[PDB]
Protein chains: 2
Amino acid sequence: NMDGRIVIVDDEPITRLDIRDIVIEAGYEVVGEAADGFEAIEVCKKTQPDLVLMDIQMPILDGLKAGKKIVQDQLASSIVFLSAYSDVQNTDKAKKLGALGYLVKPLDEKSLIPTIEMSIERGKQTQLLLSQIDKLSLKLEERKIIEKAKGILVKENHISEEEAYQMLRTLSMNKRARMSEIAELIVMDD
Amino acid sequence: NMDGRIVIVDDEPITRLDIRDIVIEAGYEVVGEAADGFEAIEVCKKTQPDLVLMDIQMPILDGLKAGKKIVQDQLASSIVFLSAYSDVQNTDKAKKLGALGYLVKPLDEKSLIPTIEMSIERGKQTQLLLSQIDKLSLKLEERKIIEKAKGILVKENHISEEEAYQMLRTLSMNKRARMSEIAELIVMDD
Ligand SMILES: [Mg+2]
Ligand SMILES: [Mg+2]
Ligand code: NA
Ligand code: NA
Ligand code: NA
Ligand code: NA
Ligand code: NA
Ligand code: NA
Ligand code: NA
Ligand code: NA
Ligand code: NA
Ligand code: NA
Ligand code: NA
């Protein structure tokens, strides 16, 4: 039926069991549970879920701080908040840390399953886009630093740009360091 | 008092009015309204809203097709669906086309304002990511096509890489063309 790996985070045990029953009847896999933010971070690090269902308010460590950590280290693909609190200050924190949904307790159960589906898909889309950005940024910066190092090597040695690139390559091969690290060493403080 | 520009799309005038009253009381600007998918596409193209609230079940053209069009041509920053139906086929289509929220009628009003805040924030974030990807890709492709053109000129002319680049520069400036446009002509599926 519905596919996804879910972690449930709430300090009230019966509320966790009610949510658990709902998502298991939908066919999601509940890969872990937690009662405070420290447990939430721990469980998400181990399980690496598609989604965290979390109350913003919990003992010891609140859900917003736990969520900030979970997004920051990408321990789950998406976070959806479930809380009795819905003031603008709490929702501004939840949206700025990165949450994909926020339903207010008592839960409208019919909305929960659609919200989970949307949040899982959007979270994995976002992870893909951030990976694209990382790769593209790396390739562009490596081209830039290699170009700058080539210019420096030409000016210092009086070689051609082709010979400078072959210097960077042969150094990279023989050392077993990337040409961008070689180039950074050539460029430093210039 | 919230901030955001919203289009409300529902075939029922009373439901449009109920939602309008809620979001206006919250402080959002309703920039347009529609009763079918063709109207919704047109309104979004004129208004370019931060969010469109859309029913799936509509005559003439349904919400999923209109939403797919709105995402494809970036006519709104986010879509949230509002349907009496919550089945897996409708939710699969909504998530794949790229919706950020799906909520199920009759509306749990207390969730609506939080879901709007999340969806607007996530939509603006995603547009930033997509913009960064396009900028990085264009810069990288310009570098790549110039590199390819330089190597072609070197091999045909038997000039140095430096002289090849100055050829591309001189052509670009004399023709008042982008150097990538010149390089595209030099490469011409070589
Ligand atoms: Mg609590
Ligand atoms: Mg309808
Ligand atoms: Na289970
Ligand atoms: Na993750
Ligand atoms: Na904040
Ligand atoms: Na997304
Ligand atoms: Na990421
Ligand atoms: Na150079
Ligand atoms: Na409704
Ligand atoms: Na953002
Ligand atoms: Na592009
Ligand atoms: Na050059
Ligand atoms: Na340009």
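We name chains A, B, ... by the order of the sequence lines, and we start the count at 1 in each one. Excluded from the calculations below are hydrogen atoms, water molecules and symmetry mates; all remaining heavy atoms, backbone and side chain alike, are included.
Taking B:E29 as the reference, B:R5 meet the salt bridge (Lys or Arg N to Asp or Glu O under 4.0 Å) condition, with sequence neighbours excluded. Take A:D50 and apply the salt bridge (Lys or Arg N to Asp or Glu O under 4.0 Å) test, not counting sequence neighbours, and it matches A:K124. With sequence neighbours excluded, the residues forming a side-chain contact (heavy atoms from CB on, under 4.5 Å) with B:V71 are B:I79, B:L97, listed by chain and number. Scanning for side-chain contact (heavy atoms from CB on, under 4.5 Å) contacts around B:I14 gives B:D18, with sequence neighbours left out. With sequence neighbours left out, the salt bridge (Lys or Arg N to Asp or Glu O under 4.0 Å) criterion links B:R143 to A:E147. A search for side-chain contact (heavy atoms from CB on, under 4.5 Å) contacts involving B:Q48 returns B:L75, not counting sequence neighbours. B:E42 pairs by the salt bridge (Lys or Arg N to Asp or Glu O under 4.0 Å) definition with nothing, not counting sequence neighbours. By the side chain to side chain donor-acceptor pair (under 3.5 Å) test, B:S131 pairs with B:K135, sequence neighbours left out. With sequence neighbours left out, the side-chain contact (heavy atoms from CB on, under 4.5 Å) criterion links B:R20 to B:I8, B:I24, B:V30, B:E33.
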Report all side-chain donor-acceptor pairs from residues 100-117 of chain A shorter than 3.5 Å, counting only partners two or more places apart or in another chain.
| residue | atom | partner | partner atom | Å |
| --- | --- | --- | --- | --- |
| A:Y102 | OH | A:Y85 | O | 2.5 |
| A:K105 | NZ | A:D10 | OD2 | 2.8 |
| A:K105 | NZ | A:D55 | OD2 | 2.9 |
| A:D108 | OD1 | A:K110 | NZ | 2.7 |
| A:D108 | OD2 | A:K110 | NZ | 2.8 |
| A:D108 | OD2 | A:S111 | OG | 2.6 |
| A:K110 | NZ | B:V104 | O | 3.2 |
| A:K110 | NZ | B:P106 | O | 2.9 |
| A:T115 | OG1 | A:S111 | O | 2.9 |
| A:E117 | OE1 | B:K95 | NZ | 2.7 |
| A:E117 | OE2 | A:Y28 | OH | 2.5 |

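The two atoms that bring A:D36 and A:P59 nearest to each other are CB-O, 3.4 Å, heavy atoms only. Nearest heavy atoms, B:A66 versus B:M54: CB-SD, 4.1 Å. Taking every heavy atom of both residues into account, A:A164 and A:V154 meet most closely at CB-CG2, 4.1 Å. Residues B:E142 and B:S180 come closest through the heavy atom pair OE2-OG, 2.7 Å. Scanning all heavy atoms of the two residues, the minimum distance from A:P49 to A:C44 falls at CD-O, 3.6 Å. The two atoms that bring B:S78 and B:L51 nearest to each other are OG-CD1, 3.1 Å, heavy atoms only.
With 3.5 Å as the limit, one finds no donor-acceptor pair spanning the side chains of A:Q57 and A:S83.
With salt bridges taken as basic N to acidic carboxylate O contacts below 4.0 Å, one links B:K69 and B:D73.
Here salt bridge (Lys or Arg N to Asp or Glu O under 4.0 Å) pairs that include residues 179-190 of chain B, with residues two or more places apart or in two chains, number zero. Screening residues 163-179 of chain B for salt bridge (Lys or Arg N to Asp or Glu O under 4.0 Å), with sequence neighbours left out, gives no hits.
Both A:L64 and A:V7 sit in one connected hydrophobic cluster of ILVMFWY residues. Membership requires side-chain heavy atoms under 4.5 Å apart, directly or through other members.
Residues A:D62 and A:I56 are not in side-chain contact: their nearest non-hydrogen atoms beyond the backbone lie 4.5 Å or more apart.
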